[PDB]
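Quick look at my_file.cif (mmCIF, N, CA and C atoms):
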data_start
#
loop_
_atom_site.group_PDB
_atom_site.id
_atom_site.type_symbol
_atom_site.label_atom_id
_atom_site.label_comp_id
_atom_site.auth_asym_id
_atom_site.auth_seq_id
_atom_site.Cartn_x
_atom_site.Cartn_y
_atom_site.Cartn_z
ATOM 1 N N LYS A 1 0.853 -1.224 0.000
ATOM 2 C CA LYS A 1 0.000 0.000 0.000
ATOM 3 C C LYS A 1 0.876 1.258 0.000
ATOM 4 N N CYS A 2 0.288 2.402 -0.221
ATOM 5 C CA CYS A 2 1.088 3.664 -0.233
ATOM 6 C C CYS A 2 1.036 4.317 1.151
ATOM 7 N N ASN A 3 -0.147 4.556 1.647
ATOM 8 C CA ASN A 3 -0.285 5.190 2.988
ATOM 9 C C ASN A 3 -1.395 4.492 3.777
ATOM 10 N N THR A 4 -2.523 4.275 3.155
ATOM 11 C CA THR A 4 -3.648 3.594 3.858
ATOM 12 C C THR A 4 -4.000 2.288 3.140
ATOM 13 N N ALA A 5 -5.171 1.764 3.380
ATOM 14 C CA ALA A 5 -5.574 0.494 2.707
ATOM 15 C C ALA A 5 -6.122 0.774 1.316
ATOM 16 N N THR A 6 -6.937 1.775 1.196
ATOM 17 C CA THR A 6 -7.558 2.092 -0.119
ATOM 18 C C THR A 6 -6.503 2.218 -1.220
ATOM 19 N N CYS A 7 -5.437 2.936 -1.003
ATOM 20 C CA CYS A 7 -4.414 3.018 -2.084
ATOM 21 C C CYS A 7 -4.101 1.593 -2.537
ATOM 22 N N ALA A 8 -3.917 0.716 -1.590
ATOM 23 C CA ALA A 8 -3.638 -0.713 -1.907
ATOM 24 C C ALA A 8 -4.921 -1.402 -2.345
ATOM 25 N N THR A 9 -5.908 -1.271 -1.520
ATOM 26 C CA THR A 9 -7.233 -1.884 -1.751
ATOM 27 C C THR A 9 -7.870 -1.345 -3.039
ATOM 28 N N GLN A 10 -7.396 -0.252 -3.538
ATOM 29 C CA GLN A 10 -8.009 0.303 -4.768
ATOM 30 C C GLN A 10 -8.088 -0.799 -5.825
ATOM 31 N N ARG A 11 -7.136 -1.691 -5.830
ATOM 32 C CA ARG A 11 -7.169 -2.803 -6.825
ATOM 33 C C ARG A 11 -8.099 -3.927 -6.344
ATOM 34 N N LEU A 12 -7.991 -4.336 -5.106
ATOM 35 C CA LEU A 12 -8.883 -5.422 -4.603
ATOM 36 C C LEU A 12 -10.258 -4.889 -4.359
ATOM 37 N N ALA A 13 -10.390 -3.624 -4.173
ATOM 38 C CA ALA A 13 -11.743 -3.085 -3.969
ATOM 39 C C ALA A 13 -12.652 -3.762 -4.957
ATOM 40 N N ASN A 14 -12.129 -3.902 -6.128
ATOM 41 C CA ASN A 14 -12.826 -4.586 -7.228
ATOM 42 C C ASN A 14 -13.206 -5.998 -6.801
ATOM 43 N N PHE A 15 -12.251 -6.688 -6.262
ATOM 44 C CA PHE A 15 -12.453 -8.080 -5.795
ATOM 45 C C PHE A 15 -13.634 -8.123 -4.829
ATOM 46 N N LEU A 16 -13.784 -7.095 -4.069
ATOM 47 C CA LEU A 16 -14.880 -7.039 -3.071
ATOM 48 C C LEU A 16 -16.133 -6.357 -3.613
ATOM 49 N N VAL A 17 -15.989 -5.206 -4.185
ATOM 50 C CA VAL A 17 -17.176 -4.504 -4.723
ATOM 51 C C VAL A 17 -17.795 -5.380 -5.804
ATOM 52 N N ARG A 18 -16.969 -6.082 -6.521
ATOM 53 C CA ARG A 18 -17.472 -7.003 -7.566
ATOM 54 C C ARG A 18 -17.960 -8.285 -6.887
ATOM 55 N N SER A 19 -17.394 -8.597 -5.749
ATOM 56 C CA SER A 19 -17.805 -9.822 -5.009
ATOM 57 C C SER A 19 -19.314 -9.795 -4.755
ATOM 58 N N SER A 20 -19.905 -8.632 -4.798
ATOM 59 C CA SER A 20 -21.373 -8.529 -4.562
ATOM 60 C C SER A 20 -22.134 -9.214 -5.697
ATOM 61 N N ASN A 21 -21.443 -9.611 -6.731
ATOM 62 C CA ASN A 21 -22.124 -10.288 -7.870
ATOM 63 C C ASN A 21 -22.921 -11.493 -7.365
ATOM 64 N N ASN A 22 -22.284 -12.381 -6.651
ATOM 65 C CA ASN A 22 -23.010 -13.575 -6.132
ATOM 66 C C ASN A 22 -24.156 -13.135 -5.218
ATOM 67 N N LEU A 23 -23.890 -12.244 -4.303
ATOM 68 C CA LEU A 23 -24.969 -11.772 -3.388
ATOM 69 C C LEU A 23 -26.193 -11.351 -4.204
ATOM 70 N N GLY A 24 -25.987 -10.571 -5.230
ATOM 71 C CA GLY A 24 -27.131 -10.123 -6.071
ATOM 72 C C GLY A 24 -28.278 -9.656 -5.178
ATOM 73 N N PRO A 25 -28.060 -8.548 -4.525
ATOM 74 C CA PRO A 25 -29.094 -7.981 -3.627
ATOM 75 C C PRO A 25 -30.388 -7.753 -4.406
ATOM 76 N N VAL A 26 -30.288 -7.578 -5.693
ATOM 77 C CA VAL A 26 -31.512 -7.357 -6.509
ATOM 78 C C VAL A 26 -31.406 -8.112 -7.836
ATOM 79 N N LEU A 27 -32.509 -8.335 -8.493
ATOM 80 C CA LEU A 27 -32.467 -9.067 -9.790
ATOM 81 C C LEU A 27 -33.749 -8.812 -10.587
ATOM 82 N N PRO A 28 -33.659 -7.881 -11.497
ATOM 83 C CA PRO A 28 -34.815 -7.527 -12.346
ATOM 84 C C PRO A 28 -35.222 -8.718 -13.218
ATOM 85 N N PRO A 29 -34.243 -9.431 -13.721
ATOM 86 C CA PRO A 29 -34.534 -10.585 -14.576
ATOM 87 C C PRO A 29 -35.736 -11.376 -14.049
ATOM 88 N N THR A 30 -35.593 -12.006 -12.916
ATOM 89 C CA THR A 30 -36.727 -12.795 -12.353
ATOM 90 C C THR A 30 -36.300 -13.481 -11.054
ATOM 91 N N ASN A 31 -37.240 -13.937 -10.272
ATOM 92 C CA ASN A 31 -36.878 -14.611 -8.991
ATOM 93 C C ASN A 31 -37.841 -15.769 -8.707
ATOM 94 N N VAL A 32 -38.392 -16.363 -9.732
ATOM 95 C CA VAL A 32 -39.337 -17.497 -9.516
ATOM 96 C C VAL A 32 -38.922 -18.712 -10.353
ATOM 97 N N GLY A 33 -38.095 -18.513 -11.344
ATOM 98 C CA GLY A 33 -37.659 -19.661 -12.190
ATOM 99 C C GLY A 33 -36.132 -19.730 -12.207
ATOM 100 N N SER A 34 -35.534 -20.135 -11.122
ATOM 101 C CA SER A 34 -34.047 -20.226 -11.076
ATOM 102 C C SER A 34 -33.618 -21.670 -10.799
ATOM 103 N N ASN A 35 -34.533 -22.596 -10.896
ATOM 104 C CA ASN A 35 -34.184 -24.023 -10.635
ATOM 105 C C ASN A 35 -34.618 -24.908 -11.809
ATOM 106 N N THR A 36 -35.444 -24.397 -12.680
ATOM 107 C CA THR A 36 -35.900 -25.214 -13.842
ATOM 108 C C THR A 36 -35.797 -24.404 -15.138
ATOM 109 N N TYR A 37 -36.693 -23.475 -15.346
ATOM 110 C CA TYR A 37 -36.640 -22.654 -16.590
ATOM 111 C C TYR A 37 -36.400 -21.181 -16.245
#

For this file, produce the structure as structure tokens.
Amino acid sequence: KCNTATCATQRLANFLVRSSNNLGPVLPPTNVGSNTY
């Protein structure tokens, strides 16, 4: 890192901010057919 975590984390921030992909707090697509069709 340079001084704090963000300077360093600026690259992994992605790893985490993008990590929300699996969580998917929301999903316009649909939420009733995710096991068959």

Backbone DSSP call of alpha helix (DSSP H) for chain A, listed as a ChimeraX atom specification: /A:5-17,20-23

I need the residues from that last selection saved to file as a PDB file, in the coordinates of the input (with N, CA and C atoms), if you can.
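Wrote it out as out32.pdb, contents follow:
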ATOM      1  N   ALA A   5      -5.171   1.764   3.380  1.00  0.00           N
ATOM      2  CA  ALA A   5      -5.574   0.494   2.707  1.00  0.00           C
ATOM      3  C   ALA A   5      -6.122   0.774   1.316  1.00  0.00           C
ATOM      4  N   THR A   6      -6.937   1.775   1.196  1.00  0.00           N
ATOM      5  CA  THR A   6      -7.558   2.092  -0.119  1.00  0.00           C
ATOM      6  C   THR A   6      -6.503   2.218  -1.220  1.00  0.00           C
ATOM      7  N   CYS A   7      -5.437   2.936  -1.003  1.00  0.00           N
ATOM      8  CA  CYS A   7      -4.414   3.018  -2.084  1.00  0.00           C
ATOM      9  C   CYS A   7      -4.101   1.593  -2.537  1.00  0.00           C
ATOM     10  N   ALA A   8      -3.917   0.716  -1.590  1.00  0.00           N
ATOM     11  CA  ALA A   8      -3.638  -0.713  -1.907  1.00  0.00           C
ATOM     12  C   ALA A   8      -4.921  -1.402  -2.345  1.00  0.00           C
ATOM     13  N   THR A   9      -5.908  -1.271  -1.520  1.00  0.00           N
ATOM     14  CA  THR A   9      -7.233  -1.884  -1.751  1.00  0.00           C
ATOM     15  C   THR A   9      -7.870  -1.345  -3.039  1.00  0.00           C
ATOM     16  N   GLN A  10      -7.396  -0.252  -3.538  1.00  0.00           N
ATOM     17  CA  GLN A  10      -8.009   0.303  -4.768  1.00  0.00           C
ATOM     18  C   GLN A  10      -8.088  -0.799  -5.825  1.00  0.00           C
ATOM     19  N   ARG A  11      -7.136  -1.691  -5.830  1.00  0.00           N
ATOM     20  CA  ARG A  11      -7.169  -2.803  -6.825  1.00  0.00           C
ATOM     21  C   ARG A  11      -8.099  -3.927  -6.344  1.00  0.00           C
ATOM     22  N   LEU A  12      -7.991  -4.336  -5.106  1.00  0.00           N
ATOM     23  CA  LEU A  12      -8.883  -5.422  -4.603  1.00  0.00           C
ATOM     24  C   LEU A  12     -10.258  -4.889  -4.359  1.00  0.00           C
ATOM     25  N   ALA A  13     -10.390  -3.624  -4.173  1.00  0.00           N
ATOM     26  CA  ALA A  13     -11.743  -3.085  -3.969  1.00  0.00           C
ATOM     27  C   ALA A  13     -12.652  -3.762  -4.957  1.00  0.00           C
ATOM     28  N   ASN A  14     -12.129  -3.902  -6.128  1.00  0.00           N
ATOM     29  CA  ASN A  14     -12.826  -4.586  -7.228  1.00  0.00           C
ATOM     30  C   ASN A  14     -13.206  -5.998  -6.801  1.00  0.00           C
ATOM     31  N   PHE A  15     -12.251  -6.688  -6.262  1.00  0.00           N
ATOM     32  CA  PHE A  15     -12.453  -8.080  -5.795  1.00  0.00           C
ATOM     33  C   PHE A  15     -13.634  -8.123  -4.829  1.00  0.00           C
ATOM     34  N   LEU A  16     -13.784  -7.095  -4.069  1.00  0.00           N
ATOM     35  CA  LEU A  16     -14.880  -7.039  -3.071  1.00  0.00           C
ATOM     36  C   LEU A  16     -16.133  -6.357  -3.613  1.00  0.00           C
ATOM     37  N   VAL A  17     -15.989  -5.206  -4.185  1.00  0.00           N
ATOM     38  CA  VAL A  17     -17.176  -4.504  -4.723  1.00  0.00           C
ATOM     39  C   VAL A  17     -17.795  -5.380  -5.804  1.00  0.00           C
ATOM     40  N   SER A  20     -19.905  -8.632  -4.798  1.00  0.00           N
ATOM     41  CA  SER A  20     -21.373  -8.529  -4.562  1.00  0.00           C
ATOM     42  C   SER A  20     -22.134  -9.214  -5.697  1.00  0.00           C
ATOM     43  N   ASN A  21     -21.443  -9.611  -6.731  1.00  0.00           N
ATOM     44  CA  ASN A  21     -22.124 -10.288  -7.870  1.00  0.00           C
ATOM     45  C   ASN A  21     -22.921 -11.493  -7.365  1.00  0.00           C
ATOM     46  N   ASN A  22     -22.284 -12.381  -6.651  1.00  0.00           N
ATOM     47  CA  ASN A  22     -23.010 -13.575  -6.132  1.00  0.00           C
ATOM     48  C   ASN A  22     -24.156 -13.135  -5.218  1.00  0.00           C
ATOM     49  N   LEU A  23     -23.890 -12.244  -4.303  1.00  0.00           N
ATOM     50  CA  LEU A  23     -24.969 -11.772  -3.388  1.00  0.00           C
ATOM     51  C   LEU A  23     -26.193 -11.351  -4.204  1.00  0.00           C
TER      52      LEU A  23
END

Starting from 3 Å padding per side, set up an axis-aligned box that covers all listed atoms of region 11-14 of chain A and hand over centre and edge lengths in Å, one decimal, as JSON.
{"center_x": -10.2, "center_y": -3.8, "center_z": -5.6, "size_x": 12.1, "size_y": 10.3, "size_z": 9.3}

Interatomic distance (Å, one decimal) between atom C of residue 21 (chain A) and CA of residue 34 (chain A):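 So the answer is 14.6 Å.
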
For atom C of residue 16 (chain A) and CA of residue 35 (chain A), the interatomic separation in Å (one decimal):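 Calculated distance between atom C of residue 16 (chain A) and CA of residue 35 (chain A) is 26.2 Å.
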
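Interatomic distance, CA of residue 13 (chain A) to CA of residue 25 (chain A): 18.0 Å.
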